[PDB]
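Beneath this line is the structure, given in structure tokens, with notes to follow.
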Amino acid sequence: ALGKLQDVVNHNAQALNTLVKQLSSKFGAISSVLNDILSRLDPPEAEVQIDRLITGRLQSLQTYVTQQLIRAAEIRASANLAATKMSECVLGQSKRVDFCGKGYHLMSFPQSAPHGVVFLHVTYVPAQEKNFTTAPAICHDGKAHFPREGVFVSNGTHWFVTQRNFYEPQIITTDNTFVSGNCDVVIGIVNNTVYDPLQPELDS
Amino acid sequence: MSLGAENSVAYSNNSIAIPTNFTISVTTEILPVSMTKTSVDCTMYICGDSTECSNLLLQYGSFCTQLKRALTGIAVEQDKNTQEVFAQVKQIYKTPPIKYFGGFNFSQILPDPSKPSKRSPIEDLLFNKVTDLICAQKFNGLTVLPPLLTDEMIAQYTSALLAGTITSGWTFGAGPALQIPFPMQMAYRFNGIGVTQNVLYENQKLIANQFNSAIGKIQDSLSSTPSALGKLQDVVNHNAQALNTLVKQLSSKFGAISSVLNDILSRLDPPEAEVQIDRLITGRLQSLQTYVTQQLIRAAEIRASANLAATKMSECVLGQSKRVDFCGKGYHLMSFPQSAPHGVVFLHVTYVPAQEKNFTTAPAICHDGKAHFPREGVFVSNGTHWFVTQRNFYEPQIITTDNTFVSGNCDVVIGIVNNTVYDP
Amino acid sequence: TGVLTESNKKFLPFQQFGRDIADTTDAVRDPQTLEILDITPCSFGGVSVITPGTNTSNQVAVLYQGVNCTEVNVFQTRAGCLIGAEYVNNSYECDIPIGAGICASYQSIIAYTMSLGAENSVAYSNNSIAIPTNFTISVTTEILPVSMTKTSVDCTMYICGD
Ligand SMILES: *[C@@H]1O[C@H](CO)[C@@H](O[C@@H]2O[C@H](CO)[C@@H](O)[C@H](O)[C@H]2NC(C)=O)[C@H](O)[C@H]1NC(C)=O
Ligand SMILES: *[C@@H]1O[C@H](CO)[C@@H](O[C@@H]2O[C@H](CO)[C@@H](O)[C@H](O)[C@H]2NC(C)=O)[C@H](O)[C@H]1NC(C)=O
Ligand SMILES: *[C@@H]1O[C@H](CO)[C@@H](O[C@@H]2O[C@H](CO)[C@@H](O)[C@H](O)[C@H]2NC(C)=O)[C@H](O)[C@H]1NC(C)=O
Ligand SMILES: *[C@@H]1O[C@H](CO)[C@@H](O[C@@H]2O[C@H](CO)[C@@H](O)[C@H](O)[C@H]2NC(C)=O)[C@H](O)[C@H]1NC(C)=O
Ligand SMILES: *[C@@H]1O[C@H](CO)[C@@H](O[C@@H]2O[C@H](CO)[C@@H](O)[C@H](O)[C@H]2NC(C)=O)[C@H](O)[C@H]1NC(C)=O
Ligand SMILES: *[C@@H]1O[C@H](CO)[C@@H](O[C@@H]2O[C@H](CO)[C@@H](O)[C@H](O)[C@H]2NC(C)=O)[C@H](O)[C@H]1NC(C)=O
Ligand SMILES: *[C@@H]1O[C@H](CO)[C@@H](O[C@@H]2O[C@H](CO)[C@@H](O)[C@H](O)[C@H]2NC(C)=O)[C@H](O)[C@H]1NC(C)=O
Ligand SMILES: *[C@@H]1O[C@H](CO)[C@@H](O[C@@H]2O[C@H](CO)[C@@H](O)[C@H](O)[C@H]2NC(C)=O)[C@H](O)[C@H]1NC(C)=O
Ligand SMILES: *[C@@H]1O[C@H](CO)[C@@H](O[C@@H]2O[C@H](CO)[C@@H](O)[C@H](O)[C@H]2NC(C)=O)[C@H](O)[C@H]1NC(C)=O
Ligand SMILES: *[C@@H]1O[C@H](CO)[C@@H](O)[C@H](O)[C@H]1NC(C)=O
Ligand SMILES: *[C@@H]1O[C@H](CO)[C@@H](O)[C@H](O)[C@H]1NC(C)=O
Ligand SMILES: *[C@@H]1O[C@H](CO)[C@@H](O)[C@H](O)[C@H]1NC(C)=O
């Protein structure tokens, strides 16, 4: 589960171990110990041997610094991503798909971890879906009615309007539908009644 | 050079421009995803078949282990990049056998049964348009490793994403795939960008024709432009050029008498042959470290591009994005993924307003001593009459109490005009 | 050092050797009989070992990368020759990645073409919709590295010491 953080710790420790291990490399010289080189040779050739050790160790150190810089760039990109997730997932609700978890994102919780952050993404996942017969519009009194915020569904005999992400059937009225045009243009329009709230009021 | 055509917008305090038509624009975005996976035998590259060279090479320590480990990290990173970009669905969705989607034609993007590769016409064109070097690179101890996901499986992942986005819209990306008719899905997408469902339903045939025409234009545009696939070809060129340079560096003396180790052994005594082999080893080791360093930098660049491609796949293909210019130029409707060699091509279907018309606008309508504000639209005037319309399409409607809300009197709003508000 | 295969290359009478695009020898003319030979270097490969945990088993499989199986439970893959695993026509999820669509798992060690996912056909029709009737509150984890170990190196002490 925590492979990324442990991987970063492993790379840092392994890099330091390799850099420490590189001091035991002759680099084409008689010995890897500078004290032995001084204690065994005259300055004209000791200078050459120390030069060989210096160039090898300097190459090792430059290599280590170069990989440290590349890893620093990778960790900086990951930290910028983590800051973006903290701003958009924890400090607000995000409409970006898959940015703050799988599903419709609700909220997020930050947790500290060694060299890192763990985001607990609380998301809403739809479940227990049911088939319904759908229509683009409802034809009533020669007018086309479209849903304000939902979708027209039919359970087999009756037509209702429900919200798209949860099944809550409601009677098709003028309050939750809007009229645009006649019934001759929309392809697939079905005939159904549209209830009027004012009709019982003026009737009684 | 000219920066652009000069356009002066007719700004005034009470005039608005409302679109009266639209264009369905499909645009292409080419993103590199992975590189060529390379492995280098450190001993074979630096020394070949010479035992004495290997013995002298051992004095330098764990350089060979570092280079092998770095290349292995890049090689696993490329497969991780491909998994992140394409393997984002765990269900392999399929299109219905009757390819009718309410007038919308997806032949150019769905897999072709006739082709053995099971690729789309666009994907087949992309593979065709992206192209003893390999043998020499192999012969010098450098090996290219095959991608973990084969081209047919990447095409299968794109097919599953296309089938999910076409039959289920954005539902499959957020949980179970819920079937929805494609006109209703396009109406939902029109609602996402602030246009009512009626505009999509009334103009369904025109929108389908525009989308089909745009897809055909996209295929022609890719087939007719040589510099369309420059990013993927550029990545292939850099990888091949790097391997060629690394192979070419074996023919460098590096300040020694000869570049051939066999000649050095066959011509000199061990006291001076050790020095010459040392010169060759240090030069070749510097070349290999340089190659690994540029491979790591390119790996970081490709990783950033792959992260961007995964973000585009999540936000543009598996949902509708409200980020401006992230999923094409225009108001984003939907996106289609296409596999390409070492990369992904996104077909962004966007809504572009067109045929705008001037109207006289007001912030509020004063009726009966009350200020009326639009619930979802804008007040427009064609010269004599006032109407309320949606902001992104011209559909004038009578100003009523149903589509306006009352807040305050008429004495505070600057620019309020007097007009009647109908009562149902 | 290399294999000398038959060559289809028609040399001009004055030419003796042959070189690649990258200046590596790829052909030669025999000086005894005027025939052309394709010098191709002998096979080499990266030996990779595919093994499960030592907690479970000690069986291993060997992958010779880039090597045909005739030049080394032997199966031929596009990645190379896999020895020690038996190909199964069934498709499962990837456990140990081999390459070119081939993955390995322990059940003996088997090699198979990995399955991308479970096959689901959505019942698309022109007038049917699926509406959710319930929901699941899902909490998922995302682990992101933020910082590294801060390292400082004394250049003089590291290279030269005392
Ligand atoms: C579709 O839904 C409606 C409303 O829930 C159902 O109508 C009711 O059905 C129950 C049981 O069948 C009756 O007791 C009620 O009297 C009905 N109400 C009305 C106003 O008729 C309808 O039966 C459902 N259709 C199907 C096929 O299940
Ligand atoms: C919906 O209702 C309209 C009007 O009641 C129907 O249109 C009529 O259809 C009949 C038979 O097809 C024709 O003889 C009439 O001339 C039509 N009248 C008009 C005004 O168009 C329509 O058929 C109904 N649709 C459905 C699916 O039942
Ligand atoms: C809206 O009206 C303005 C002004 O009445 C139009 O702006 C003019 O456009 C023409 C053509 O480019 C220019 O030559 C004029 O100089 C512009 N006038 C000003 C004051 O900027 C504008 O084109 C009209 N909009 C539409 C859609 O017709
Ligand atoms: C909106 O624009 C579309 C095209 O983008 C118009 O459709 C064109 O209509 C003309 C004349 O009616 C035809 O000659 C063209 O062939 C049509 N083009 C297409 C692609 O169908 C449409 O008429 C415009 N609508 C309005 C109200 O201006
Ligand atoms: C969907 O589009 C494809 C291609 O864009 C159409 O196929 C063309 O069909 C016409 C007439 O049959 C031929 O003249 C073309 O050569 C075909 N093009 C290709 C690339 O095959 C297809 O008819 C469209 N409609 C459907 C329902 O698939
Ligand atoms: C502004 O729009 C309104 C509504 O479309 C126009 O009013 C109609 O105009 C037509 C033709 O001029 C007449 O046949 C109708 O009788 C008018 N309806 C009403 C209710 O008056 C109006 O003319 C438009 N104004 C301008 C300057 O074009
Ligand atoms: C909008 O209507 C109001 C009320 O009918 C107008 O306010 C009147 O304006 C006249 C002349 O300017 C004054 O003599 C009245 O005393 C005003 N009455 C009130 C209650 O303020 C207003 O001028 C109209 N605005 C426009 C642009 O026609
Ligand atoms: C909605 O109805 C369709 C068809 O009536 C169902 O799809 C069937 O699902 C079963 C179980 O997987 C398959 O064996 C059939 O082949 C499917 N039929 C078709 C035409 O695809 C679907 O399961 C129903 N949805 C729900 C939620 O029950
Ligand atoms: C929606 O799903 C929840 C669970 O996700 C259902 O709650 C379960 O109800 C059954 C029987 O009523 C119990 O045995 C379980 O213990 C409940 N689970 C939990 C977690 O409370 C709920 O009934 C479902 N609602 C509908 C309308 O189907
Ligand atoms: C409206 O705009 C014109 C120029 O665009 C300006 O002269 C005028 O002062 C503005 N109206 C008000 C009330 O400031
Ligand atoms: C080489 O000598 C052999 C033996 O006499 C002869 O058969 C062959 O043709 C010779 N090749 C050339 C090029 O003269
Ligand atoms: C509705 O869909 C079926 C198959 O899904 C198709 O045969 C039929 O033609 C479609 N209806 C129309 C009006 O095209």
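How things are named: the first chain in the structure tokens is A, the next is B, and so on; residues count from 1 in each chain; ligands count from 1 in the order shown.
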
(request) Please check which protein, DNA or RNA residues sit within 10 Å of ligand 6, counting only C-alpha atoms and all ligand atoms, and write them as a list in words. (result) residues 381, 382, 383, 384, 385, 386, 387, 396, 397 and 398 of chain B

(message) Show me, as a count of residues only, the residues of chain B whose atoms get within 7 Å of chain C, using only C-alpha atoms for the distance check.
(response) 22

(request) Output the contact residues of chain A with respect to chain C at a cut-off of 6 Å, based on only C-alpha atoms, as a ChimeraX atom specification. (result) /A:5,57,79,115-134,166-167

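When DSSP is run on the backbone, the residues of region 99-167 of chain B that fall into strand (DSSP E or B) are residues 101, 104, 142, 143, 144 and 145 of chain B.
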
(message) At a cut-off of 6 Å and counting only C-alpha atoms and all ligand atoms, what residues surround ligand 4? Please answer as a ChimeraX atom specification.
(response) /B:21,23,206,210

(message) With only C-alpha atoms as the counted atoms, please give the residues lying no more than 10 Å from residue 15 (chain A), apart from itself and same-chain residues fewer than 5 positions off, as an MDAnalysis selection string.
(response) (chainID A and resid 9:10 20:21 64:65 67:68) or (chainID B and resid 66)

Please dump the current selection as an mmCIF file, in the first residue's frame; keep N, CA, C and O atoms.
```
data_model
loop_
_atom_site.group_PDB
_atom_site.id
_atom_site.type_symbol
_atom_site.label_atom_id
_atom_site.label_comp_id
_atom_site.auth_asym_id
_atom_site.auth_seq_id
_atom_site.Cartn_x
_atom_site.Cartn_y
_atom_site.Cartn_z
ATOM 1 N N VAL A 9 12.261 6.532 0.028
ATOM 2 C CA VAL A 9 13.232 6.332 1.106
ATOM 3 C C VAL A 9 14.317 5.357 0.652
ATOM 4 O O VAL A 9 15.515 5.567 0.909
ATOM 5 N N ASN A 10 13.911 4.302 -0.069
ATOM 6 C CA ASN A 10 14.846 3.300 -0.571
ATOM 7 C C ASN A 10 15.806 3.916 -1.575
ATOM 8 O O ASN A 10 16.998 3.599 -1.559
ATOM 9 N N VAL A 20 28.816 6.185 -0.908
ATOM 10 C CA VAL A 20 29.766 5.786 0.126
ATOM 11 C C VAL A 20 30.608 4.607 -0.360
ATOM 12 O O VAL A 20 31.823 4.550 -0.125
ATOM 13 N N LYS A 21 29.982 3.679 -1.091
ATOM 14 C CA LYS A 21 30.660 2.492 -1.603
ATOM 15 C C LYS A 21 31.689 2.864 -2.664
ATOM 16 O O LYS A 21 32.714 2.186 -2.799
ATOM 17 N N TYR A 64 25.892 11.471 -8.649
ATOM 18 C CA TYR A 64 24.952 11.427 -7.532
ATOM 19 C C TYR A 64 24.122 12.702 -7.475
ATOM 20 O O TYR A 64 22.906 12.646 -7.261
ATOM 21 N N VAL A 65 24.762 13.853 -7.702
ATOM 22 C CA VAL A 65 24.062 15.135 -7.669
ATOM 23 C C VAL A 65 23.085 15.231 -8.838
ATOM 24 O O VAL A 65 21.975 15.761 -8.695
ATOM 25 N N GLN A 67 21.497 12.667 -10.395
ATOM 26 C CA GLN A 67 20.307 11.867 -10.104
ATOM 27 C C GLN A 67 19.491 12.481 -8.974
ATOM 28 O O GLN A 67 18.263 12.333 -8.962
ATOM 29 N N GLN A 68 20.145 13.157 -8.020
ATOM 30 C CA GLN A 68 19.408 13.853 -6.969
ATOM 31 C C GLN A 68 18.563 14.970 -7.563
ATOM 32 O O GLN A 68 17.437 15.201 -7.120
ATOM 33 N N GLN B 66 24.458 1.091 -11.334
ATOM 34 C CA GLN B 66 23.663 2.315 -11.344
ATOM 35 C C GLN B 66 23.011 2.516 -12.701
ATOM 36 O O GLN B 66 21.828 2.873 -12.779
#
```

(message) Using only C-alpha atoms and a distance of at most 7 Å, pull out the residues of chain A that contact chain B, as number ranges by chain.
(response) A: 22, 25-28, 96-98, 102-104, 125-126, 136, 180, 185-186

Find the nearest atom pair between each residue of chain B and ligand 12 for residues within 9 Å, count only C-alpha atoms and all ligand atoms, give distances in Å to one decimal, sort rows by chain and ascending number, and present the table as a tab-separated table.
```
residue	atom	partner	partner_atom_place_in_ligand_line	distance
B:96	CA	ligand 12	5 (O)	7.7
B:97	CA	ligand 12	5 (O)	8.3
B:98	CA	ligand 12	4 (C)	5.6
B:99	CA	ligand 12	5 (O)	7.7
B:100	CA	ligand 12	2 (O)	6.5
B:101	CA	ligand 12	2 (O)	8.0
B:102	CA	ligand 12	14 (O)	6.9
B:103	CA	ligand 12	14 (O)	8.4
```

(message) What does the structure give for the distance between atom 8 (C, counted along the ligand's line) of ligand 3 and CA of residue 416 (chain B), in Å to one decimal?
(response) 25.3 Å

(request) May I have the residues within 10 Å of ligand 5, computed using only C-alpha atoms and all ligand atoms, as a PyMOL selection string? (result) chain B and resi 98-101+103-109+121+212-213+215-216+219

(request) For ligand 10, list the contacting residues at 10 Å or closer, counting only C-alpha atoms and all ligand atoms, as a ChimeraX atom specification. (result) /B:10-14,414-415

(message) To check your reading of the model: which residues sit at most 8 Å from ligand 2 when counting only C-alpha atoms and all ligand atoms? Write the answer as a VMD selection string.
(response) chain A and resid 139 142 189 to 191

Restricting the output to N, CA, C and O atoms, write the selected residues as a compact mmCIF listing (two decimals), in the first residue's frame.
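Generated output (part-v4.txt):
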```txt
# COMPACT_ATOMS: atom_id res chain seq x y z
N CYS A 139 -45.49 15.25 -25.07
CA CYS A 139 -46.41 16.05 -25.86
C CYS A 139 -47.73 16.20 -25.10
O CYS A 139 -48.41 15.21 -24.85
N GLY A 142 -50.57 19.88 -27.62
CA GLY A 142 -49.92 20.39 -28.80
C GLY A 142 -48.62 21.10 -28.50
O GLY A 142 -48.09 21.80 -29.37
N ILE A 189 -40.86 11.97 -29.42
CA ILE A 189 -41.76 12.51 -28.41
C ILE A 189 -42.95 11.57 -28.21
O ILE A 189 -43.47 10.98 -29.17
N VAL A 190 -43.35 11.38 -26.96
CA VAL A 190 -44.48 10.54 -26.62
C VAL A 190 -45.60 11.39 -26.04
O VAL A 190 -45.38 12.51 -25.56
N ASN A 191 -46.81 10.85 -26.09
CA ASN A 191 -48.00 11.56 -25.63
C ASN A 191 -48.29 11.16 -24.19
O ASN A 191 -48.43 9.97 -23.89
```

Give me the residues near residue 388 (chain B) as a compact mmCIF listing (two decimals) with C-alpha atoms, in the first residue's frame, where near means some atom within 10 Å (using only C-alpha atoms) and where sequence neighbours in that chain fewer than 2 positions away do not count.
```txt
# COMPACT_ATOMS: atom_id res chain seq x y z
CA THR B 361 -29.57 44.67 -23.40
CA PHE B 373 -33.87 39.79 -13.03
CA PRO B 374 -33.42 36.76 -15.32
CA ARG B 375 -33.34 33.37 -13.65
CA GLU B 376 -31.04 31.75 -16.21
CA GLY B 377 -30.86 34.05 -19.23
CA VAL B 378 -30.34 37.64 -20.37
CA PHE B 379 -32.76 40.39 -21.39
CA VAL B 380 -32.49 41.28 -25.08
CA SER B 381 -34.32 43.70 -27.35
CA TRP B 386 -38.09 42.90 -24.92
CA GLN B 390 -30.44 31.84 -22.87
CA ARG B 391 -26.93 33.28 -23.00
CA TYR B 394 -30.67 32.96 -29.31
CA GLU B 395 -34.13 31.74 -28.29
CA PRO B 396 -36.34 34.74 -27.43
CA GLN B 397 -39.13 34.10 -24.94
CA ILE B 398 -41.73 36.39 -23.38
CA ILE B 399 -40.68 37.96 -20.08
CA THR B 400 -42.89 36.34 -17.44
CA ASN B 403 -38.38 33.03 -15.82
CA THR B 404 -37.65 36.16 -13.76
```

(message) Applying 10 Å and only C-alpha atoms, which residues near region 252-264 of chain B remain after dropping the ones on its own chain fewer than 2 positions away? List them as a VMD selection string.
(response) chain B and resid 46 to 50 52 to 53 248 to 250 266 to 270 272 to 284

Once you count only C-alpha atoms and all ligand atoms, which residues end up within 7 Å of ligand 7, and could you hand them over as a tab-separated table (two decimals) with C-alpha atoms, in the first residue's frame?
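For reference, result.tsv as written:
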```tsv
chain	number	residue	atom	x	y	z
B	366	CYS	CA	-38.96	47.45	-14.10
B	417	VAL	CA	-35.68	49.78	-18.40
B	418	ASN	CA	-39.47	49.80	-18.22
```

(message) Around ligand 11, out to 8 Å and counting only C-alpha atoms and all ligand atoms, which residues are there? I want them as a ChimeraX atom specification.
(response) /C:31-34

(request) Identify, on the basis of only C-alpha atoms, every residue whose closest approach to residue 328 (chain B) does not exceed 9 Å; exclude the query and any residue fewer than 4 positions from it along the same chain; express the result as a PyMOL selection string. (result) chain B and resi 25-29+324+332+335+347-350

(request) Please give me, as a VMD selection string, the residues lying within 7 Å of ligand 1 when counting only C-alpha atoms and all ligand atoms. (result) chain A and resid 155 to 158

With N, CA, C and O atoms retained, export the selected residues as a short mmCIF file (atom, residue, chain, number, x, y, z; two decimals), in the first residue's frame.
```
data_model
loop_
_atom_site.label_atom_id
_atom_site.label_comp_id
_atom_site.auth_asym_id
_atom_site.auth_seq_id
_atom_site.Cartn_x
_atom_site.Cartn_y
_atom_site.Cartn_z
N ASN A 155 -42.16 3.30 -16.10
CA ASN A 155 -42.04 2.00 -15.47
C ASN A 155 -42.86 0.94 -16.21
O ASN A 155 -42.91 -0.21 -15.77
N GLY A 156 -43.49 1.32 -17.31
CA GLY A 156 -44.24 0.40 -18.14
C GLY A 156 -45.58 0.98 -18.55
O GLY A 156 -46.00 0.81 -19.70
N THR A 157 -46.26 1.67 -17.64
CA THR A 157 -47.59 2.18 -17.93
C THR A 157 -47.70 3.68 -17.66
O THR A 157 -48.45 4.38 -18.34
N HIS A 158 -46.95 4.18 -16.68
CA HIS A 158 -47.04 5.57 -16.27
C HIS A 158 -45.72 6.29 -16.53
O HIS A 158 -44.64 5.70 -16.45
#
```
